[PDB]
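Protein chains: 2
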Amino acid sequence: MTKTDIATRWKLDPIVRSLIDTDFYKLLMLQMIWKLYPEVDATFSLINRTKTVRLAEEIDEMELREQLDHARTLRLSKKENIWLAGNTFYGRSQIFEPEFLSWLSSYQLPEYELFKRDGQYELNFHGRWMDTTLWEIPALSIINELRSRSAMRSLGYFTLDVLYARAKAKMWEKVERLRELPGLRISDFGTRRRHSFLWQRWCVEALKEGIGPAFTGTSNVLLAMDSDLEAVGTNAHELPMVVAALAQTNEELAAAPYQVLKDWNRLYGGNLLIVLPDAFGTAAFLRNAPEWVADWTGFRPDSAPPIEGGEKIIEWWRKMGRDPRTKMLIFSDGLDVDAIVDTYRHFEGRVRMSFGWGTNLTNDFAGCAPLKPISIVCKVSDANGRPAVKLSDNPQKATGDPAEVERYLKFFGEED
Amino acid sequence: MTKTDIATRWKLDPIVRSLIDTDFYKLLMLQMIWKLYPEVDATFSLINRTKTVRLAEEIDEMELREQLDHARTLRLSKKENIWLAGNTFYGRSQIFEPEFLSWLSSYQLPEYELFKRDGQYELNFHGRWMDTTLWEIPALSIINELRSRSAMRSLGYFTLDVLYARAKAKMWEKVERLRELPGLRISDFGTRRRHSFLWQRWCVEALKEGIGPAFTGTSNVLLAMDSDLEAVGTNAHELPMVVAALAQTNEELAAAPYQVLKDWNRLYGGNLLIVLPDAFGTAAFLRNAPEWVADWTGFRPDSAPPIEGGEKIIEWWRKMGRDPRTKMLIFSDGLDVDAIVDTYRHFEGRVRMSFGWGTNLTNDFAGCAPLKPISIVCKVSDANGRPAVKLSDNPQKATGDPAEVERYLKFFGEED
Numbered sequence: 008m009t010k011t012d013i014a015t016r022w023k024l025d026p027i028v029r030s031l032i033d034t035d036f037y038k039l040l041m042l043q044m045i046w047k048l049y050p051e052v053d054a055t056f057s058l059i060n061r062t063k064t065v066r067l068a069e070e071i072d073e074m075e076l077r078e079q080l081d082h083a084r085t086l087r088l089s090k091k092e093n094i095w096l097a098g099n100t101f102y103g104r105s106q107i108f109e110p111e112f113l114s115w116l117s118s119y120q121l122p123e124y125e126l127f128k129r130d131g132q133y134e135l136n137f138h139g140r141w142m143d144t145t146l147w148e149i150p151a152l153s154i155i156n157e158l159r160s161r162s163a164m165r166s167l168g169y170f171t172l173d174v175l176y177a178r179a180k181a182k183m184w185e186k187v188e189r190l191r192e193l194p195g196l197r198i199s200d201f202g203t204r205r206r207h208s209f210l211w212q213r214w215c216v217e218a219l220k221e222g223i224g225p226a227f228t229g230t231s232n233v234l235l236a237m238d239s240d241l242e243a244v245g246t247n248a249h250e251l252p253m254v255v256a257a258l259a260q261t262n263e264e265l266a267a268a269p270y271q272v273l274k275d276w277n278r279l280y281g282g283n284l285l286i287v288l289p290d291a292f293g294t295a296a297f298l299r300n301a302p303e304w305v306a307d308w309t310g311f312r313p314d315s316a317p318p319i320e321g322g323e324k325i326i327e328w329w330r331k332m333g334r335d336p337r338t339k340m341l342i343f344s345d346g347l348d349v350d351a352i353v354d355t356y357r358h359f360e361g362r363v364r365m366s367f368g369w370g371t372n373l374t375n376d377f378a379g380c381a382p388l389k390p391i392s393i394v395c396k397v398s399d400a401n402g403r404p405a406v407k408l409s410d411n412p413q414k415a416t417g418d419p420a421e422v423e424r425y426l427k428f429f430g431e432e433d
Numbered sequence: 008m009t010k011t012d013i014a015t016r022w023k024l025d026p027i028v029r030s031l032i033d034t035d036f037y038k039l040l041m042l043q044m045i046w047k048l049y050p051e052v053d054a055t056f057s058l059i060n061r062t063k064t065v066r067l068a069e070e071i072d073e074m075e076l077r078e079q080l081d082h083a084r085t086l087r088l089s090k091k092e093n094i095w096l097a098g099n100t101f102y103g104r105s106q107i108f109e110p111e112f113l114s115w116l117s118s119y120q121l122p123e124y125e126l127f128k129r130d131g132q133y134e135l136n137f138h139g140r141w142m143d144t145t146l147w148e149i150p151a152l153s154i155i156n157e158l159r160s161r162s163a164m165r166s167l168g169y170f171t172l173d174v175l176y177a178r179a180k181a182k183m184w185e186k187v188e189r190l191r192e193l194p195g196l197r198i199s200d201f202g203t204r205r206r207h208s209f210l211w212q213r214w215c216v217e218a219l220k221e222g223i224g225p226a227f228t229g230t231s232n233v234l235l236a237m238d239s240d241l242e243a244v245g246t247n248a249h250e251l252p253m254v255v256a257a258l259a260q261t262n263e264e265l266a267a268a269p270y271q272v273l274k275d276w277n278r279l280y281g282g283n284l285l286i287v288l289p290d291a292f293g294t295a296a297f298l299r300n301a302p303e304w305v306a307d308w309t310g311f312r313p314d315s316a317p318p319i320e321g322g323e324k325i326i327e328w329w330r331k332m333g334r335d336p337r338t339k340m341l342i343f344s345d346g347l348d349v350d351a352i353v354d355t356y357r358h359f360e361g362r363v364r365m366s367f368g369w370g371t372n373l374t375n376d377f378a379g380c381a382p388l389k390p391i392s393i394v395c396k397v398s399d400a401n402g403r404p405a406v407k408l409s410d411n412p413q414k415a416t417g418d419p420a421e422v423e424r425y426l427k428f429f430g431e432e433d
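Protein chains in written order, with the deposited numbering: chain A, 8 to 16, 22 to 382, 388 to 433; chain B, 8 to 16, 22 to 382, 388 to 433.
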């Protein structure tokens, strides 16, 4: 299957298939930005947190230009356009305005800034927030599949067969474990760090085939269209990070975590009403949350330990008089299977749960060779020329301009 | 590589792809039926209008029943549903109401009656008009492709490879001839009599590459959807054949040929206003026919020769003072390249032309081998009770009860 293709790879072998070969959350955010913040500028920057061991030494610069440049030639196909307008997404129709789809029909990834620096690549995307946000996933994809490709370059047909066979076996074992929890609800979130498109596709097919109803879909829009699965995702920290950087006063900065919910609710409802509160600390978030936040459908404890984070949300729901059995907790992050089973077994019957399976699903070839990790990202660095920042539930793991981080930390505070 | 496919083809190898692997006009008609004649019953009968050549000796009955059975297993796919709702057809958006599509989303082919006799197969589909109409095409494609597989079951890799190779060269040489008339407009219309699904797909691709802009589309909606081509088609004889057999008053009958136009024009308009006169003889149709028939976009002479039938309909507009240069004639009655070329040069610049290329396009292997084609149909037999009849524009090729055939003949008359 896939082991045969790698070997068979003459022309360019494009990593990014189409403009919708990205995560669903990116499309919902894009429409919100297009509608409510079309004048805002936002820079996105690629960052290799694993300074150890270069990257400009594993990926030919020109191969990089080739893939990135190809991605810039992509356009919404006729069928993709029709599918976005007529398909049902979170049980709702027309979440995508015809006007917005029209704008998207002519959109194309914009210019980028690339340069080598200490065996590392500096990749930045400048311009209107609505023109740069879609660059994030594609860029990480191109880099990831290029590292994997380049690695397996030497490998011979036979070696590849053993490599992929052992990875399928490693993947399927995890399925047999999850298969033991029928009430489990899990979806795919591995586009961003996939070992490659084809492999992600195989993984997604193995999930639906192996746990049936327990598998609620994939966040990869192209794959959801191609195999008739539900597209999954709501929003990311990008939202709060930017609206917070747009704030000029204390009143505005304090309001920004809640202002994003208002903007989000102007376009979406129902099951899309999921709160992501850890950007500037969940404790600070819940303590200053307007009561109406308690009526949203669920929460996403993203940066804290699953159990501790979940219980914090539940305690708040009790405080507000809401029944947590009616609410949902969406765990995503990089949880491995053990985290998923222990988390599930712990909260079962007390609240609704949903799990996101990312890196650990779409990129676990660890001992499958007869190979490196790489903590790579492409977050928002600034908005309208001011530093975008993220002080998660673990302040020490903050993101962005150190001085700004300090300002936010001092402003929002941090749990003991 | 249709050859490699044939030899390498254990379980059932289904011929009918999906519910939309049919002619577009069938879906337009079906809707009209679903909205104007939902209670009327109509039977369809497969008839091999060829004494010589016994299909029972070529096609295995059990195989046939398998193909037929699998077909009624098919349902609209999630994507076909969305595509039919959001794609733009003859210039209009959502030509298919949500009500109708919700119905078709549940539809499945009814039961059939297969009887063996005198070396031939008898196939009848009973039920409501709207429940049998879709059997026509699928049935024809099943028999015809079974004929082909049956005739190639004893070939063998190389023998098959030469056969197709020469079939392709044959096709392409025809393409070469047609690209000489950059002004011709030709569309694919060979679904019911295609040598096979893959072959048709190849012929449409070659036609698209060869004459470029001269190629206007395909009547096969599945192909239209897969290749982003325009779906082509209007209405067929089964409309006036049923509104006739349903008539009772000697007056009601004489108003049958025009009642259909009144109905069709109530759901459709624009370029879909193509008159299909030969039903009970063009001349008769024209002698009467309300003034407004002359406001339609064009005619489709189906039973008379191209030139003869064309002038006949043009000399009508003339007297009706309507300018023929703004109208259209559509010649889709199984013509060959010469017929297309000869007919084109004859009417050039005098009127708008459109050619429907069927059998000769998708089933021409004449001398490509390193079985003899037959004339089979599956028209309307009866409606609610009364027998259905087709007094075409050539009494020697009528259809239905020979008795009722003479009544209609006597009621409408005859030209030559």
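Think of the CB as a built atom: it goes at the ideal place given N, C-alpha and C, for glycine as much as any other residue.
Query	Result
Residues in the segment 96-112 of chain B having any Cβ partner in chain A nearer than 8 Å	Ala97, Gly98, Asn99
Spatial neighbours of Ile32 (chain B) in its chain, beta-carbon cut-off 6 Å, leaving aside the 5 residues before and after	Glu92, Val233, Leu234
Proximity below 9 Å, CB of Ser315 (chain B) to CB of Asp410 (chain B)	yes
Interface residues of the segment 83-94 of chain A facing chain B [CB-CB below 9 Å]	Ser89, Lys90, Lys91, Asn93, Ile94
Sufficient close CB pairs (3 or more, under 8 Å) joining the segment 163-182 of chain B to the segment 190-205 of chain B	no
Exposure label - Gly321 (chain A); buried when at least 16 CB within 10 Å	buried
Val397 (chain A), enclosing beta strand (DSSP E) - first and last residue	393-400
Start-to-end residues for the beta strand (DSSP E) that takes in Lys128 (chain A)	125-128
Nearest candidate by alpha-carbon position, reference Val216 (chain B), set B:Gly417, B:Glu264, B:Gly370	B:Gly370
Proximal residues, the segment 290-320 of chain B versus chain A, C-beta separation under 9 Å	none
Contact with chain B by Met237 (chain A), beta-carbon distance below 9 Å	yes
Proximity below 9 Å, CB of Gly222 (chain B) to CB of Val244 (chain B)	no
Local conformation of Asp348 (chain A) per DSSP, three classes	coil
Cutoff 9 Å: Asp345 (chain B) Cβ touching any chain A Cβ	no
Reference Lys10 (chain B), options B:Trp46, B:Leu116, B:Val174, B:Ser105, closest by Cα	B:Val174
Supposed close pair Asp12 (chain B), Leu251 (chain B) - CB separation, criterion 8 Å	Contact doesn't hold; Cβ gap of about 37 Å is too wide.
Any alpha helix (DSSP H) of 4 or more consecutive residues that is wholly inside the segment 66-132 of chain B	67-70, 73-83, 90-98, 110-116
Separation of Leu67 (chain B) from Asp238 (chain A), as counted between CA atoms	40 Å
Assigned exposure category for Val65 (chain A) - 16 Cβ within 10 Å defines buried	exposed
Rounded C-alpha distance that separates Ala179 (chain B) from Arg206 (chain B)	13 Å
Burial state of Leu388 (chain B), where buried means 16 or more other Cβ atoms lie within 10 Å	exposed
Contacts that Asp33 (chain B) makes with chain A (C-beta to C-beta distance below 9 Å)	Here the premise fails: no neighbours, minimum Cβ distance about 17 Å.
Segment limits, alpha helix (DSSP H) that includes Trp276 (chain B)	268-279
For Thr338 (chain B), three-class secondary structure by DSSP	helix
Test item: CB-CB of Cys380 (chain B) and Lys182 (chain B) under 9 Å	yes
Assigned exposure category for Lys324 (chain B) - 16 Cβ within 10 Å defines buried	buried
Distance, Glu125 (chain B) Cα to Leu135 (chain B) Cα	5 Å
Residues in the segment 240-255 of chain B having any Cβ partner in chain A nearer than 9 Å	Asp240
Nonlocal neighbours in the same chain, by C-beta distance under 8 Å from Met332 (chain A), ignoring five residues either side	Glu303, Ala306
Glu157 (chain A), buried or exposed, once every other Cβ within 10 Å from all chains shown has been counted against 16	buried
C-beta contact flag for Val287 (chain B) and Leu273 (chain B) at 9 Å	yes
Under 9 Å between C-beta atoms of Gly368 (chain B) and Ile393 (chain B)	no
Helix, strand or coil at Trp369 (chain B) [DSSP, three-state]	strand
Residues bridged to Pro404 (chain A) (per DSSP)	A:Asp399
Simplified DSSP state of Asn411 (chain A), which is helix, strand or coil	coil
Neighbour-count burial assignment, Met41 (chain B), 16 or more Cβ in a 10 Å radius	buried
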